[PDB]
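# Commentary on secondary and tertiary structure
If you want the building blocks of each chain, they are given just below.
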Amino acid sequence: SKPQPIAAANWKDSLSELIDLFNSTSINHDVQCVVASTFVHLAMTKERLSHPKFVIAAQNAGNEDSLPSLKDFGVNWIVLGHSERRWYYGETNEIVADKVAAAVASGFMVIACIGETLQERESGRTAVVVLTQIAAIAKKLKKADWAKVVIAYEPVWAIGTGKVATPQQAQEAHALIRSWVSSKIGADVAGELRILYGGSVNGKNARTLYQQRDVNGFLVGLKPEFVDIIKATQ
Amino acid sequence: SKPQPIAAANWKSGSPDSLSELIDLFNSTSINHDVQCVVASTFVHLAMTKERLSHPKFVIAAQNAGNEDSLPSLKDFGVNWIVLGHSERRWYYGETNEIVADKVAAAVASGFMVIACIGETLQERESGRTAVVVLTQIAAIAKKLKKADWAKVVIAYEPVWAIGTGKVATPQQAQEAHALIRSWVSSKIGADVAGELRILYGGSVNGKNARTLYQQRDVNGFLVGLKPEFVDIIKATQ
């Protein structure tokens, strides 16, 4: 028995044209849809996006006055710790953790990203890297805060490397996240946890991915195929 | 009246669930209607399944055995069911229509009830070859059987075209596939044999869709993967 699925798209196609696509798409099942945008595009997304089942997220904001501004403006979701924040911008476990706690303290729903690299994965350090990204996050949170939290797992080892993830590998990475939250936080919190897959997902694979026990939806890039990704969430 | 329904669960190696924990779930599930429940296991797990599974409405099956001495060993052991010709045997292990047909005959000869799997791929489906592919897979099997033999045979239609492709089968398509199997048995074997035949759906089935699938005129149960949801799959057989 699975919690409500999430379908979140990340903007790194024309924004407008995509927003019209979604505005005219019929989604008949229980799924929260998220469109995360950059600060330059926020105002045009909230202006234009009018789909009832869609909400708008901010990205990586980490300053309390800005967080407060966003909420005033009508943005309640935020995505943090995506792969490029950690490996290009140098956001560490602790910096992501603080960003999450501050987001949580101001009434945001949070999509926190975590994931390992090919180097990390090839030395057999998936579990220690992945469980340390979260322990850090968990260390800042109260048990009730978990209500406001979603996890995206990003198989960084698999983006731009020529390595391919199978649903089996997605499933296995998802289960360890679950186990840990379940032993350290609780089976109640664990049971209600939406763990999103932030790897390579298209129309040929979304179903298979979604059908795994521990996968609860997707964090992916903003493209026209997102619409098949949503559909796969049944 | 439809014939007795069958709810068959297939164990695939490398699942996120534990065999034992699943057997316990089932052992403690109340099933109040007439339904034969099958748990199909691999050879390593067989012995644990006979020793542990004790629910009255459940039996155990073996998978893909094809050697006469082996089938006799299984029957002595207390196994009377077997599942053959599942999708992967046809695509990965090289089991053709004929090899599957021989496996069925030998299973039948030694007193087994037999769940023989059939179905087409997306490629076969998209070129409009469903019927010839599906009817050739069964014709192969039929050519080895006697009319009486059908008493021991159950067919599972596997929409291979719908597993791993992004394609989704509606209950309407499952009905249409199932009726062709029925028509053909009827015309070629007998209306008597046809009407008593269980034709299982071996596609993607969960709790939100088992009902809708089970109510289709030609659907007589399910051959699915061993998961906790199997319980709801059983319940969908009323």
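The record names X-ray crystallography as the way this model was obtained, at a resolution of 2.65 Å.

### A look at the pairing of strand β3 (residues 58-63) of chain B
Residue and element names in this part refer to chain B. Burial analysis of β3 places 5 of its 6 residues in the buried class, which makes it a mostly covered element. Across 5 bridges, strand β2 (residues 36-41) lies against β3 in parallel orientation. In the strand pairing of β3, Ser-41 is matched with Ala-62. As a crossover connection, the stretch from β2 through helix α2 (residues 46-52) into β3 is right-handed.

### Re the UniProt feature "binding site: substrate" in chain A
All names here are of chain A. UniProt's entry tags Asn-10 and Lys-12 with the feature "binding site: substrate", counted in the numbering of this structure. You can call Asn-10 buried: its relative accessible area is 11%. A polar contact of 2.5 Å, which involves the side chain of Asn-10, links it to the side chain of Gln-59.

### What about unusual backbone geometry?
In this model, A:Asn60 sits at a positive phi of 60 degrees, which is unusual for a non-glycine residue. Looking at where A:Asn60 falls in the secondary structure, it is placed in the loop between β3 (54-59) and α3 (66-73). Phi is positive for B:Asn64, which is not a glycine, with a value near 50 degrees. With respect to the helices and strands, the residue B:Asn64 is situated in the loop between β3 and α3 (70-77).

### Details of a positive patch on the surface
Together, A:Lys2, B:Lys12, B:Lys208 and B:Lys227 make up a positively charged patch on the protein surface. Mapped onto the secondary structure, B:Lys227 falls in the loop between β8 (221-225) and α11 (230-235).

### Concerning the packing of aromatic side chains
According to the stated counting rule, one finds 7 aromatic pairs over all chains in the structure shown. Between A:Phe22 and A:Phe226, the ring centres sit 5.8 Å apart and the planes meet at 75 degrees, which makes this aromatic pair edge-to-face. Here A:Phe226 lies in helix α11 (residues 226-231) and A:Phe22 lies in helix α1 (residues 15-23), a separation of 204 residues in the sequence. By relative accessible area, which is 0% here, A:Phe22 ends up buried. In this structure an aromatic cluster arises from ring pairing among A:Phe22, A:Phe54 and A:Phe226. B:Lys50 extends its terminal NZ or CZ atom over the ring of B:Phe77, reaching a point 3.9 Å from the ring centre.

### Focus on the UniProt feature "active site" in chain B
Residues and elements named next belong to chain B. If you check UniProt for "active site", the listed places come out as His-86 and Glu-158 in our numbering. The greatest C-alpha distance among the annotated residues, which extend across 73 residues, is 7.9 Å, indicating that they converge on a single site. Following the sequence through the fold, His-86 ends up in the loop between β4 (81-84) and α4 (87-91). Using a relative accessible area of 10% as the deciding quantity, one classes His-86 as buried. In contact with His-86, other than residues within four places in its own chain, are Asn-10, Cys-117, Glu-158 and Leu-223. In terms of polar contacts, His-86 uses its side chain to reach the side chain of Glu-88, at 3.0 Å. Relative to the helices and strands, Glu-158 is located in the loop between β6 (153-157) and α8 (171-188). Looking at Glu-158, the relative accessible area reads 3%, which means it is buried. In contact with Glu-158, other than residues within four places in its own chain, are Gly-85, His-86, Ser-87, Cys-117, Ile-118, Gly-119, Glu-120, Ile-163 and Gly-202.

### Structural notes on the interface of chain B and chain A
Taken residue by residue, the interface counts 9 residues in chain B and 8 residues in chain A. The junction of chain B with chain A conceals about 590 Å² of combined surface from both sides, 40% of it contributed by carbon and sulfur atoms. Across the contact surface, chain B and chain A share 1 salt bridge. The closest approach of N and O atoms between B:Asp17 and A:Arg213, which form a salt bridge, is 3.5 Å. Joining chain B to chain A, the criterion identifies 2 residue pairs in polar contact. Of the residues belonging to the side of chain B that touches chain A, the class tally is 2 nonpolar, 4 polar and 3 charged.

### Notes on the packing of helix α7 (residues 130-142) of chain B against α8(B)
Residue and element names in this part refer to chain B. The contact between α7 and α8 brings their axes to 11 Å, and the two run at 45 degrees. It follows that α7 is oblique to α8 by the angle criterion. Seen along the crossing, α7 lies across α8 with a hand that is right-handed. On α8, the residues touching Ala-131, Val-134, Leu-135, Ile-138, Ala-139 and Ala-142 of α7 are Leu-180, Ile-181, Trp-184 and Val-185. Classifying every residue of the contact of α7 with α8 gives 10 nonpolar, no polar and no charged.

### A word on the UniProt feature "active site" in chain A
Residue and element names in this part refer to chain A. The UniProt feature table records "active site" at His-82 and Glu-154. Looking at the element boundaries, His-82 is found in the loop between β4 (77-80) and α4 (83-87). Of the residues examined, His-82 reaches a relative accessible area of 18% and is grouped as buried. Within the local environment of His-82, its side chain forms a polar contact with the side chain of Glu-84, the two groups lying 2.8 Å apart. As for its placement among the helices and strands, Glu-154 is situated in the loop between β6 (149-153) and α8 (167-184). You can call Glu-154 buried: its relative accessible area is 3%. Engagement of the side chain of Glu-154 in a polar contact is seen with the side chain of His-82, the distance being 2.9 Å.

### Let's talk about the UniProt feature "binding site: substrate" in chain B
Residue and element names in this part refer to chain B. UniProt records the feature "binding site: substrate" at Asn-10 and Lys-12, using the numbering of this structure. Among residues more than four places away in sequence, those in contact with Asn-10 are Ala-40, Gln-63, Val-83, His-86, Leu-223, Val-224, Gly-225 and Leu-226. Here the side chain of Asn-10 touches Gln-63 through a polar contact of 2.7 Å, side chain to side chain. Mapped onto the secondary structure, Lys-12 falls in the loop between β1 (6-10) and α1 (19-27).

### A look at the pattern of salt bridges
Summed over the entire model, instances satisfying the criterion amount to 19 salt bridges over all chains. Residues A:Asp188 and A:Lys143 are paired through a salt bridge, measuring 3.2 Å at the closest nitrogen-oxygen approach. With A:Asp188 in helix α9 (residues 187-191) and A:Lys143 in the loop between α7 (126-138) and β6, this pair connects stretches of sequence that are 45 residues apart. If you follow the salt bridges from partner to partner, you end up with A:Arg178, A:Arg213, A:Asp214 and B:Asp17 in one network.

Conventions and cut-offs
Residues numbered from 1 in each chain as written, not as in the entry; some residues may be left out. Chains lettered and ligands numbered in written order. Heavy atoms only, no water. Residues with missing side-chain atoms left out of burial classes, pairs and counts. Buried < 20%, exposed > 50% of the residue type's maximum accessible area, 1.4 Å probe, protein only. Helix = DSSP H or I, 4+ residues; strand = E, 2+ residues; numbered from the N terminus. Pairing = 2+ DSSP bridges. Right-handed = clockwise from strand over helix to strand, strands pointing away. UniProt positions renumbered as here; feature names shortened; annotations may be inferred. Polar contact = N/O pair within 3.5 Å; in protein donor to acceptor, adjacent residues only side chain to side chain. Patch = residues over 30% accessible without salt bridge, like charges linked within 9 Å, V, L, I, M, F, W, Y side chains within 5 Å. Areas by Shrake-Rupley, 256 points an atom, 1.4 Å probe, with all protein chains shown as cover. Salt bridge = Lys/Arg side-chain N within 4 Å of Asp/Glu carboxyl O. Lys, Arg positive; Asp, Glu negative; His and termini not counted. Charge placed at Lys NZ, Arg CZ, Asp CG, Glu CD. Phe/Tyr/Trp six-rings, centres within 6.5 Å; stacked < 30°, edge-to-face > 60°. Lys NZ or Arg CZ within 6 Å of the ring centre and 35° of its normal. Contact = heavy atoms within 4.5 Å. Buried area = accessible area lost by both parts, 1.4 Å probe. Nonpolar A, V, L, I, M, F, W, Y, C, P; charged D, E, K, R; others polar. Axes fitted to C-alpha atoms, helices over the stretch in contact; angles between N-to-C directions. Parallel < 35°, antiparallel > 145°, perpendicular 65-115°, else oblique. Left-handed = near helix turned anticlockwise from the far one by under 90°.

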